[PDB]
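Engineer: Could you have a look at this structure, given as structure tokens, before my questions?
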Amino acid sequence: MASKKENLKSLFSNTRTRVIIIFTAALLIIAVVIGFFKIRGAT
Amino acid sequence: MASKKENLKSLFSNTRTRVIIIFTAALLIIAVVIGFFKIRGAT
Amino acid sequence: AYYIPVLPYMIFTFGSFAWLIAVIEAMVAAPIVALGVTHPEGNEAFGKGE
Amino acid sequence: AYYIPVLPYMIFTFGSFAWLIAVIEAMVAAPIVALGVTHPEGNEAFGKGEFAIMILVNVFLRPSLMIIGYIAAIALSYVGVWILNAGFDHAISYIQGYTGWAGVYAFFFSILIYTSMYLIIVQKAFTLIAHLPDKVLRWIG
Amino acid sequence: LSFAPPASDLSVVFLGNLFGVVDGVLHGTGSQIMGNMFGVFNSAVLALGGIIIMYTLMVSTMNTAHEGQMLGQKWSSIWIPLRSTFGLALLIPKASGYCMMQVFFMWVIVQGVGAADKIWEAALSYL
Amino acid sequence: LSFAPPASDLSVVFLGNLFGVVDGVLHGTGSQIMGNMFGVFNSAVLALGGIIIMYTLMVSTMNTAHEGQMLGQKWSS
């Protein structure tokens, strides 16, 4: 019927929600990556 | 509405509520037993 | 003849240093509020910008 | 020559003591929070989670922000004495009738102000060491 | 990412000099009155907390009896067992006299110490 | 007239003397310890805030999974 897994599949099935979520995740990961590079360079 | 004793009896009679309640009471009694043992041993 | 002519100078310097501490505090605060852009909480379009 | 070179050490040691007292306070608070975990109130995984998060972030950000204030006040002391040097010579000019003894003691008084300002000046910047953290906690919550 | 503070730092040295031994976060040994004092405090607060959960159980069942609904509505009955067992586990003092979340808080303390060490190290390296 | 403090003012002189150089608003350099200072602070706050955004992200997804809507309600798409 309806559960958390079905909700996750429904959110990932929609193309527009999927692409915006993936883009925001990409920005987040590149943010943490540049932060890691800066911190490593500091030390 | 019915008396509180009827509601208490109905809550106890349900098997799954009964098992969670007895299990949690067991955890509580074990916790207080451990606390009592520690405060007696430390002194 | 001595304390009165110079006291306002002291008070103004201490006030301007309160201002300097405040601007340093705001400079330290800026990253937090710029970080608050992500959260859409509230009716405001700035997130947590009060 | 004596109080100024050591005053940062005094203020930083007292700030670190405040930090240590905060560590003791949070260490004492931790069993209260884990007791709050076992509340039958609601279904949240934190219970009274405002306390836990607030105290945790406080003690976590206290040392970094103390270092923040330390370096900030190190930078502030020089700009402060430079403010003082820029302002003093003209602020005292008309005070320097002012003949004879009045001229002599005047010099005294101006000196009695100069270092006096100095003694306040850096000190205020160093209260900035204890000013950043708590006020920062007012921002997050 | 994350950082353990350098070995030679005096902050964690004095931290463990005060608190004695904390399992898995520090290896130094000091005045151990702290450890067993906090352990006995944990046991006492555990006993009073058990009394308090018993009282909260009475008031919760009294409130639910006012509704007359089965399974209760003020609490989700599937979360209660895991919540209770996790909270009880986090209040169990070990042989050293500390609970799990005391170790958690000490870990947060040393992590903040390491972050401050990063900031100070960057400042001094620039200097 | 436009808000433009004069050239000879020492307010901005000491401000830039303290904060080093900020691109486009101040000209001149001083003790640039504040520079790397704010840079490393920005990096650390960026990393911690990123962790916070992922945390609140799974909170929002768990909240919207209970309701059944898309990307929550307060959070838009």
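Ligands are numbered from 1 in the order shown, residues from 1 within each chain, and chains are lettered A, B, ... in the order they appear in the structure tokens.
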Onto chain A, please fit chain B by least squares using all C-alpha atoms in order, then return the transformed chain as a PDB file with N, CA and C atoms, in the first residue's frame.
Structural biologist:
ATOM      1  N   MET B   1      -1.724   3.136   4.797  1.00  0.00           N
ATOM      2  CA  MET B   1      -0.904   3.823   3.806  1.00  0.00           C
ATOM      3  C   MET B   1       0.238   2.935   3.323  1.00  0.00           C
ATOM      4  N   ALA B   2       0.842   3.318   2.201  1.00  0.00           N
ATOM      5  CA  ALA B   2       1.927   2.539   1.628  1.00  0.00           C
ATOM      6  C   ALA B   2       3.201   2.700   2.457  1.00  0.00           C
ATOM      7  N   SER B   3       4.162   1.819   2.196  1.00  0.00           N
ATOM      8  CA  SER B   3       5.435   1.862   2.897  1.00  0.00           C
ATOM      9  C   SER B   3       6.254   3.069   2.444  1.00  0.00           C
ATOM     10  N   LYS B   4       7.235   3.435   3.272  1.00  0.00           N
ATOM     11  CA  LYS B   4       8.071   4.592   2.966  1.00  0.00           C
ATOM     12  C   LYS B   4       8.905   4.371   1.712  1.00  0.00           C
ATOM     13  N   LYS B   5       9.254   3.117   1.411  1.00  0.00           N
ATOM     14  CA  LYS B   5      10.054   2.841   0.223  1.00  0.00           C
ATOM     15  C   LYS B   5       9.291   3.183  -1.052  1.00  0.00           C
ATOM     16  N   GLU B   6       7.982   2.921  -1.079  1.00  0.00           N
ATOM     17  CA  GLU B   6       7.183   3.284  -2.245  1.00  0.00           C
ATOM     18  C   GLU B   6       7.155   4.794  -2.446  1.00  0.00           C
ATOM     19  N   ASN B   7       6.991   5.552  -1.359  1.00  0.00           N
ATOM     20  CA  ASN B   7       6.990   7.008  -1.465  1.00  0.00           C
ATOM     21  C   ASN B   7       8.346   7.527  -1.926  1.00  0.00           C
ATOM     22  N   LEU B   8       9.432   6.953  -1.402  1.00  0.00           N
ATOM     23  CA  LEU B   8      10.766   7.362  -1.831  1.00  0.00           C
ATOM     24  C   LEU B   8      10.983   7.069  -3.311  1.00  0.00           C
ATOM     25  N   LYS B   9      10.552   5.892  -3.768  1.00  0.00           N
ATOM     26  CA  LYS B   9      10.698   5.541  -5.176  1.00  0.00           C
ATOM     27  C   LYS B   9       9.871   6.463  -6.062  1.00  0.00           C
ATOM     28  N   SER B  10       8.655   6.802  -5.627  1.00  0.00           N
ATOM     29  CA  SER B  10       7.821   7.717  -6.400  1.00  0.00           C
ATOM     30  C   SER B  10       8.435   9.110  -6.460  1.00  0.00           C
ATOM     31  N   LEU B  11       9.017   9.573  -5.351  1.00  0.00           N
ATOM     32  CA  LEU B  11       9.682  10.873  -5.350  1.00  0.00           C
ATOM     33  C   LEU B  11      10.888  10.875  -6.281  1.00  0.00           C
ATOM     34  N   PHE B  12      11.683   9.803  -6.254  1.00  0.00           N
ATOM     35  CA  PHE B  12      12.850   9.721  -7.128  1.00  0.00           C
ATOM     36  C   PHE B  12      12.443   9.636  -8.595  1.00  0.00           C
ATOM     37  N   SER B  13      11.372   8.897  -8.894  1.00  0.00           N
ATOM     38  CA  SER B  13      11.007   8.643 -10.284  1.00  0.00           C
ATOM     39  C   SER B  13      10.527   9.904 -10.992  1.00  0.00           C
ATOM     40  N   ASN B  14       9.950  10.855 -10.259  1.00  0.00           N
ATOM     41  CA  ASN B  14       9.522  12.103 -10.876  1.00  0.00           C
ATOM     42  C   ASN B  14      10.737  12.858 -11.400  1.00  0.00           C
ATOM     43  N   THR B  15      10.685  13.251 -12.675  1.00  0.00           N
ATOM     44  CA  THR B  15      11.872  13.782 -13.337  1.00  0.00           C
ATOM     45  C   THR B  15      12.311  15.108 -12.726  1.00  0.00           C
ATOM     46  N   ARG B  16      11.360  16.004 -12.461  1.00  0.00           N
ATOM     47  CA  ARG B  16      11.712  17.369 -12.084  1.00  0.00           C
ATOM     48  C   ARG B  16      12.190  17.415 -10.635  1.00  0.00           C
ATOM     49  N   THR B  17      11.531  16.653  -9.756  1.00  0.00           N
ATOM     50  CA  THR B  17      12.048  16.473  -8.404  1.00  0.00           C
ATOM     51  C   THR B  17      13.414  15.797  -8.432  1.00  0.00           C
ATOM     52  N   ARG B  18      13.594  14.825  -9.328  1.00  0.00           N
ATOM     53  CA  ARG B  18      14.887  14.161  -9.434  1.00  0.00           C
ATOM     54  C   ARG B  18      15.983  15.150  -9.808  1.00  0.00           C
ATOM     55  N   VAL B  19      15.719  16.034 -10.774  1.00  0.00           N
ATOM     56  CA  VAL B  19      16.783  16.931 -11.209  1.00  0.00           C
ATOM     57  C   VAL B  19      17.095  17.960 -10.128  1.00  0.00           C
ATOM     58  N   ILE B  20      16.075  18.488  -9.432  1.00  0.00           N
ATOM     59  CA  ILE B  20      16.405  19.441  -8.368  1.00  0.00           C
ATOM     60  C   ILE B  20      17.212  18.747  -7.277  1.00  0.00           C
ATOM     61  N   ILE B  21      16.821  17.523  -6.911  1.00  0.00           N
ATOM     62  CA  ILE B  21      17.494  16.841  -5.811  1.00  0.00           C
ATOM     63  C   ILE B  21      18.937  16.517  -6.176  1.00  0.00           C
ATOM     64  N   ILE B  22      19.172  16.026  -7.395  1.00  0.00           N
ATOM     65  CA  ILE B  22      20.542  15.735  -7.820  1.00  0.00           C
ATOM     66  C   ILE B  22      21.368  17.015  -7.898  1.00  0.00           C
ATOM     67  N   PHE B  23      20.775  18.109  -8.385  1.00  0.00           N
ATOM     68  CA  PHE B  23      21.510  19.369  -8.439  1.00  0.00           C
ATOM     69  C   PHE B  23      21.902  19.846  -7.043  1.00  0.00           C
ATOM     70  N   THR B  24      20.968  19.781  -6.089  1.00  0.00           N
ATOM     71  CA  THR B  24      21.272  20.224  -4.732  1.00  0.00           C
ATOM     72  C   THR B  24      22.294  19.311  -4.066  1.00  0.00           C
ATOM     73  N   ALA B  25      22.224  18.006  -4.338  1.00  0.00           N
ATOM     74  CA  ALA B  25      23.243  17.095  -3.829  1.00  0.00           C
ATOM     75  C   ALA B  25      24.609  17.431  -4.410  1.00  0.00           C
ATOM     76  N   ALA B  26      24.649  17.833  -5.682  1.00  0.00           N
ATOM     77  CA  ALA B  26      25.908  18.261  -6.282  1.00  0.00           C
ATOM     78  C   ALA B  26      26.457  19.500  -5.585  1.00  0.00           C
ATOM     79  N   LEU B  27      25.592  20.475  -5.296  1.00  0.00           N
ATOM     80  CA  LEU B  27      26.057  21.651  -4.561  1.00  0.00           C
ATOM     81  C   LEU B  27      26.585  21.264  -3.185  1.00  0.00           C
ATOM     82  N   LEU B  28      25.882  20.368  -2.490  1.00  0.00           N
ATOM     83  CA  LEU B  28      26.328  19.945  -1.166  1.00  0.00           C
ATOM     84  C   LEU B  28      27.683  19.251  -1.234  1.00  0.00           C
ATOM     85  N   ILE B  29      27.860  18.352  -2.205  1.00  0.00           N
ATOM     86  CA  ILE B  29      29.113  17.612  -2.298  1.00  0.00           C
ATOM     87  C   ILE B  29      30.256  18.550  -2.668  1.00  0.00           C
ATOM     88  N   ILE B  30      29.993  19.536  -3.531  1.00  0.00           N
ATOM     89  CA  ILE B  30      31.025  20.513  -3.865  1.00  0.00           C
ATOM     90  C   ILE B  30      31.384  21.348  -2.641  1.00  0.00           C
ATOM     91  N   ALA B  31      30.382  21.734  -1.847  1.00  0.00           N
ATOM     92  CA  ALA B  31      30.648  22.519  -0.647  1.00  0.00           C
ATOM     93  C   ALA B  31      31.528  21.751   0.329  1.00  0.00           C
ATOM     94  N   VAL B  32      31.185  20.487   0.591  1.00  0.00           N
ATOM     95  CA  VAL B  32      31.993  19.718   1.532  1.00  0.00           C
ATOM     96  C   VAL B  32      33.372  19.424   0.950  1.00  0.00           C
ATOM     97  N   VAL B  33      33.481  19.272  -0.373  1.00  0.00           N
ATOM     98  CA  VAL B  33      34.791  19.062  -0.982  1.00  0.00           C
ATOM     99  C   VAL B  33      35.666  20.295  -0.796  1.00  0.00           C
ATOM    100  N   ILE B  34      35.097  21.482  -1.014  1.00  0.00           N
ATOM    101  CA  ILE B  34      35.855  22.716  -0.828  1.00  0.00           C
ATOM    102  C   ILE B  34      36.270  22.868   0.628  1.00  0.00           C
ATOM    103  N   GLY B  35      35.355  22.576   1.554  1.00  0.00           N
ATOM    104  CA  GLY B  35      35.698  22.665   2.965  1.00  0.00           C
ATOM    105  C   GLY B  35      36.818  21.717   3.350  1.00  0.00           C
ATOM    106  N   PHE B  36      36.737  20.469   2.880  1.00  0.00           N
ATOM    107  CA  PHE B  36      37.776  19.484   3.160  1.00  0.00           C
ATOM    108  C   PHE B  36      39.115  19.925   2.585  1.00  0.00           C
ATOM    109  N   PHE B  37      39.106  20.418   1.345  1.00  0.00           N
ATOM    110  CA  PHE B  37      40.340  20.882   0.725  1.00  0.00           C
ATOM    111  C   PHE B  37      40.949  22.028   1.517  1.00  0.00           C
ATOM    112  N   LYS B  38      40.116  22.964   1.978  1.00  0.00           N
ATOM    113  CA  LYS B  38      40.638  24.102   2.724  1.00  0.00           C
ATOM    114  C   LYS B  38      41.220  23.659   4.063  1.00  0.00           C
ATOM    115  N   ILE B  39      40.504  22.808   4.806  1.00  0.00           N
ATOM    116  CA  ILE B  39      41.017  22.428   6.121  1.00  0.00           C
ATOM    117  C   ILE B  39      42.278  21.588   5.982  1.00  0.00           C
ATOM    118  N   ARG B  40      42.407  20.824   4.893  1.00  0.00           N
ATOM    119  CA  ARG B  40      43.640  20.070   4.687  1.00  0.00           C
ATOM    120  C   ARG B  40      44.789  20.980   4.267  1.00  0.00           C
ATOM    121  N   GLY B  41      44.521  21.949   3.390  1.00  0.00           N
ATOM    122  CA  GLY B  41      45.580  22.833   2.932  1.00  0.00           C
ATOM    123  C   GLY B  41      46.092  23.761   4.016  1.00  0.00           C
ATOM    124  N   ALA B  42      45.194  24.249   4.875  1.00  0.00           N
ATOM    125  CA  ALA B  42      45.599  25.198   5.908  1.00  0.00           C
ATOM    126  C   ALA B  42      46.586  24.571   6.884  1.00  0.00           C
ATOM    127  N   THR B  43      46.349  23.323   7.277  1.00  0.00           N
ATOM    128  CA  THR B  43      47.228  22.634   8.214  1.00  0.00           C
ATOM    129  C   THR B  43      48.593  22.353   7.593  1.00  0.00           C
TER     130      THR B  43
END
Engineer: With a distance threshold of 12 Å and counting only C-alpha atoms, extract the residues of chain C near chain F and express them as a list in words.
Structural biologist: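 Result: residues 16, 17, 19, 20, 21, 23, 24, 27, 28, 29, 30, 31, 32, 33, 34, 35, 36, 37, 38, 39, 40, 41, 42, 43, 44, 45 and 47 of chain C.
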Engineer: One decimal, Å: what's the distance from atom CA of residue 74 of chain E over to atom CA of residue 30 of chain D, could you say?
Structural biologist: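 Separation between atom CA of residue 74 of chain E and atom CA of residue 30 of chain D: 26.2 Å.
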Engineer: Using only C-alpha atoms, I'd like every residue of chain F that has an atom within 8 Å of chain E; please write them out as a count of residues only.
Structural biologist: 6
Engineer: Which value, in Å to one decimal, gives the distance between atom CA of residue 76 of chain D and atom CA of residue 4 of chain D?
Structural biologist: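 Distance reported for this atom pair: 13.7 Å.
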Engineer: Would you list which chain E residues are within 6 Å of chain D using only C-alpha atoms, as a PyMOL selection string?
Structural biologist: chain E and resi 75-76+83-84+87+102+109+112+116
Engineer: Pull the closest atom pair for each residue of chain D that gets at most 9 Å from chain C, along with the distance in Å to one decimal, counting only C-alpha atoms, ordering rows by chain and then ascending residue number, as JSON lines.
Structural biologist:
{"residue": "D:72", "atom": "CA", "partner": "C:24", "partner_atom": "CA", "distance": 8.2}
{"residue": "D:76", "atom": "CA", "partner": "C:20", "partner_atom": "CA", "distance": 8.8}
{"residue": "D:80", "atom": "CA", "partner": "C:17", "partner_atom": "CA", "distance": 8.0}
{"residue": "D:83", "atom": "CA", "partner": "C:13", "partner_atom": "CA", "distance": 8.1}
{"residue": "D:84", "atom": "CA", "partner": "C:13", "partner_atom": "CA", "distance": 8.1}
{"residue": "D:87", "atom": "CA", "partner": "C:9", "partner_atom": "CA", "distance": 8.5}
{"residue": "D:88", "atom": "CA", "partner": "C:9", "partner_atom": "CA", "distance": 8.9}
{"residue": "D:91", "atom": "CA", "partner": "C:6", "partner_atom": "CA", "distance": 7.1}
{"residue": "D:92", "atom": "CA", "partner": "C:6", "partner_atom": "CA", "distance": 7.4}
{"residue": "D:95", "atom": "CA", "partner": "C:2", "partner_atom": "CA", "distance": 7.5}
{"residue": "D:106", "atom": "CA", "partner": "C:2", "partner_atom": "CA", "distance": 7.3}
{"residue": "D:109", "atom": "CA", "partner": "C:2", "partner_atom": "CA", "distance": 7.2}
{"residue": "D:110", "atom": "CA", "partner": "C:2", "partner_atom": "CA", "distance": 8.5}
{"residue": "D:113", "atom": "CA", "partner": "C:6", "partner_atom": "CA", "distance": 8.5}
{"residue": "D:117", "atom": "CA", "partner": "C:10", "partner_atom": "CA", "distance": 7.3}
{"residue": "D:120", "atom": "CA", "partner": "C:14", "partner_atom": "CA", "distance": 8.7}
{"residue": "D:121", "atom": "CA", "partner": "C:14", "partner_atom": "CA", "distance": 7.7}
{"residue": "D:124", "atom": "CA", "partner": "C:17", "partner_atom": "CA", "distance": 8.1}
{"residue": "D:125", "atom": "CA", "partner": "C:21", "partner_atom": "CA", "distance": 7.4}
{"residue": "D:128", "atom": "CA", "partner": "C:21", "partner_atom": "CA", "distance": 7.0}
{"residue": "D:131", "atom": "CA", "partner": "C:25", "partner_atom": "CA", "distance": 8.7}
{"residue": "D:132", "atom": "CA", "partner": "C:25", "partner_atom": "CA", "distance": 6.8}
{"residue": "D:135", "atom": "CA", "partner": "C:25", "partner_atom": "CA", "distance": 8.8}
{"residue": "D:136", "atom": "CA", "partner": "C:29", "partner_atom": "CA", "distance": 7.7}
{"residue": "D:139", "atom": "CA", "partner": "C:29", "partner_atom": "CA", "distance": 8.3}
{"residue": "D:140", "atom": "CA", "partner": "C:32", "partner_atom": "CA", "distance": 8.5}
Engineer: Using only N, CA, C and O atoms, please write the residues we just selected to a file, as a compact mmCIF listing (two decimals), in the first residue's frame.
Structural biologist:
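Output below, filename selection-v5.txt:
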# COMPACT_ATOMS: atom_id res chain seq x y z
N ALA D 72 41.66 37.94 17.46
CA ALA D 72 41.00 39.20 17.14
C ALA D 72 41.48 40.33 18.05
O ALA D 72 41.73 41.44 17.59
N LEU D 76 43.44 43.72 17.57
CA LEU D 76 42.77 44.93 18.02
C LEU D 76 43.68 45.82 18.84
O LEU D 76 43.52 47.05 18.84
N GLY D 80 44.21 49.80 18.42
CA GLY D 80 43.77 50.61 19.54
C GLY D 80 44.81 51.62 19.99
O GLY D 80 44.51 52.81 20.17
N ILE D 83 44.85 54.31 17.40
CA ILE D 83 43.80 55.28 17.67
C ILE D 83 44.25 56.26 18.74
O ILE D 83 44.13 57.49 18.60
N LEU D 84 44.79 55.72 19.84
CA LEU D 84 45.20 56.56 20.96
C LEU D 84 46.30 57.53 20.55
O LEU D 84 46.26 58.71 20.91
N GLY D 87 44.92 60.34 18.34
CA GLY D 87 44.08 61.32 19.00
C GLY D 87 44.73 62.13 20.10
O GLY D 87 44.34 63.29 20.33
N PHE D 88 45.72 61.55 20.79
CA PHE D 88 46.21 62.16 22.02
C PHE D 88 46.85 63.52 21.78
O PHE D 88 46.49 64.50 22.43
N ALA D 91 44.30 66.09 21.25
CA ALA D 91 43.32 66.22 22.33
C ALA D 91 43.91 66.89 23.56
O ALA D 91 43.16 67.41 24.40
N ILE D 92 45.24 66.89 23.70
CA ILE D 92 45.89 67.49 24.86
C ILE D 92 46.43 68.88 24.53
O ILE D 92 46.87 69.60 25.45
N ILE D 95 45.29 72.13 26.45
CA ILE D 95 45.64 72.04 27.86
C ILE D 95 47.12 72.34 28.06
O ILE D 95 47.51 72.90 29.09
N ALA D 106 50.35 69.33 34.46
CA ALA D 106 49.62 68.99 33.24
C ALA D 106 50.27 67.82 32.53
O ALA D 106 49.60 66.83 32.21
N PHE D 109 49.45 64.72 34.28
CA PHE D 109 48.09 64.26 34.06
C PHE D 109 47.94 63.63 32.69
O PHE D 109 47.31 62.57 32.55
N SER D 110 48.53 64.25 31.66
CA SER D 110 48.37 63.68 30.32
C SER D 110 48.95 62.28 30.28
O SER D 110 48.32 61.35 29.78
N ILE D 113 46.79 59.90 31.85
CA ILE D 113 45.70 59.47 30.99
C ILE D 113 46.18 58.50 29.93
O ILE D 113 45.53 57.49 29.69
N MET D 117 44.42 55.10 29.36
CA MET D 117 43.67 54.67 28.19
C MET D 117 44.20 53.33 27.71
O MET D 117 43.44 52.37 27.54
N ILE D 120 42.92 50.50 29.80
CA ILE D 120 41.56 50.11 29.44
C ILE D 120 41.55 49.48 28.06
O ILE D 120 40.94 48.42 27.85
N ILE D 121 42.29 50.07 27.12
CA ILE D 121 42.04 49.83 25.70
C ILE D 121 42.16 48.34 25.40
O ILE D 121 41.16 47.67 25.10
N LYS D 124 39.62 46.01 27.10
CA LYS D 124 38.31 45.86 26.50
C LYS D 124 38.36 44.89 25.34
O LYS D 124 37.53 43.98 25.24
N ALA D 125 39.38 45.01 24.48
CA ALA D 125 39.50 44.08 23.37
C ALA D 125 39.58 42.65 23.89
O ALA D 125 39.04 41.73 23.26
N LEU D 128 36.59 40.87 24.60
CA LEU D 128 36.08 40.29 23.37
C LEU D 128 36.33 38.78 23.34
O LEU D 128 35.55 38.04 22.73
N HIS D 131 33.49 37.63 24.78
CA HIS D 131 32.30 38.25 24.19
C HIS D 131 31.77 37.48 22.99
O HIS D 131 30.55 37.37 22.83
N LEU D 132 32.65 36.95 22.14
CA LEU D 132 32.19 36.19 20.98
C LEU D 132 31.36 34.96 21.34
O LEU D 132 30.26 34.81 20.78
N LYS D 135 27.55 35.40 23.06
CA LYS D 135 26.71 36.12 22.11
C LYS D 135 26.44 35.29 20.87
O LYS D 135 25.34 35.33 20.31
N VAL D 136 27.44 34.51 20.43
CA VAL D 136 27.21 33.59 19.32
C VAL D 136 26.10 32.61 19.67
O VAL D 136 25.23 32.31 18.84
N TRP D 139 22.73 33.77 18.91
CA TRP D 139 22.31 33.74 17.52
C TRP D 139 21.69 32.40 17.15
O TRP D 139 20.55 32.34 16.67
N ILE D 140 22.43 31.31 17.36
CA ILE D 140 21.89 29.98 17.07
C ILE D 140 20.71 29.67 17.98
O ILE D 140 19.68 29.15 17.53
Engineer: Provide the atom CA of residue 30 of chain F to atom CA of residue 75 of chain D distance in Å, to one decimal place.
Structural biologist: 10.0 Å
Engineer: Could you pull out the helix (DSSP H, G or I) residues of chain E from DSSP and send them as a PyMOL selection string?
Structural biologist: chain E and resi 10-19+33-67+79-89+100-126
Engineer: Return as number ranges by chain the residues belonging to chain E that are within 9 Å of chain B, counting only C-alpha atoms.
Structural biologist: E: 36, 39-40, 42-51, 53-54, 61-62, 64-72, 77-78, 80-81, 84-85, 88, 91-92
Engineer: Might you pull out every residue within 12 Å of residue 3 of chain D, with only C-alpha atoms counted and same-chain residues fewer than 6 positions away left off, and present them as a list in words?
Structural biologist: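 What passes the distance filter is residues 9, 10, 11, 115, 116, 118, 119, 120, 122 and 123 of chain D.
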Engineer: Take the selection from the previous step and output its residues with C-alpha atoms, as a PDB file, in the first residue's frame.
Structural biologist:
ATOM      1  CA  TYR D   9      47.580  35.368  29.766  1.00  0.00           C
ATOM      2  CA  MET D  10      45.369  36.183  32.767  1.00  0.00           C
ATOM      3  CA  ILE D  11      42.261  36.685  30.663  1.00  0.00           C
ATOM      4  CA  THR D 115      48.749  54.723  29.770  1.00  0.00           C
ATOM      5  CA  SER D 116      45.409  54.788  31.559  1.00  0.00           C
ATOM      6  CA  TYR D 118      46.155  51.979  27.158  1.00  0.00           C
ATOM      7  CA  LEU D 119      45.273  49.949  30.245  1.00  0.00           C
ATOM      8  CA  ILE D 120      41.563  50.114  29.437  1.00  0.00           C
ATOM      9  CA  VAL D 122      43.594  46.382  25.318  1.00  0.00           C
ATOM     10  CA  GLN D 123      41.570  45.131  28.277  1.00  0.00           C
TER      11      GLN D 123
END
